[PDB]
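The chain that follows stands alone, in the form deposited in one PDB entry, written as structure tokens.
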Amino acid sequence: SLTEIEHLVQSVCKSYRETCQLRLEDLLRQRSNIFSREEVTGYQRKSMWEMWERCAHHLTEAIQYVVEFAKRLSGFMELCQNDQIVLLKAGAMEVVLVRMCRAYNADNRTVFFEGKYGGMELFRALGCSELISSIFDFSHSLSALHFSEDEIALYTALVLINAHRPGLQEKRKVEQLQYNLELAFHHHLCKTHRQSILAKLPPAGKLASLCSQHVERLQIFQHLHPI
């Protein structure tokens, strides 16, 4: 019934707001607080390992917030632990990527980082200009679409709950959860006249895989670098 779907929309959006890491209003407020050339040079002077270690810590914290989000979705804690881990492993980094658009300012093409906004040059020490440029382009595309907070909530909830992920054991429970979330999101998009917004989303699987790969690389080779 319509009331149940409205309540599911409310609950998903509430959980997302609870686990969104940074409130969108604070991001918009800090938009005016931009790194000075001295601070950008400071970040560019860091070693590749120092900068990658910081970025990987941030990505890990974001993955933890996405796990917290999943845990607050009705029915996800009913799935067996194996299915929970399969779903999180397969979708959490994509959800991090989606979330990152909230901290992107298309006007000046800067992103929030460690308290202030800075352009792409902040990451000169990462030596992965291709991946950095690609993730900035992805965030730019999502910002251009004016993806709202409720839309991010519902789309990420559906990114996580996917019954087609290889490894699932209880495919029917996951199917039912995904179907209820699809109903909720469809009703929301109809209310807002945003039905076609999903055909315009760009791909994100490759970027998320590369980010997870860098995180794993840093975990692995930590004995050959400083504490």
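Sequential numbering from 1, following the sequence displayed. Only the largest set of C-alpha atoms that superpose within 1.5 Å between the two forms is called the rigid core.
We do not show the form deposited in another entry, though everything after this point is about it.
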Q. Taking the rigid core as the frame, does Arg17 move its C-alpha by 2 Å or more between the shown form and the other one?
A. no
Q: Work out the direction of the Cα-Cα change for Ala144 and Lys206 in that other deposited form: closer or farther than in this form? It's 3 angstroms or more.
A: closer
Q: Can you tell whether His214 sits closer to or farther from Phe136 in that other deposited form than it does here, judged by CA atoms, where the change is 3 Å or more?
A: closer
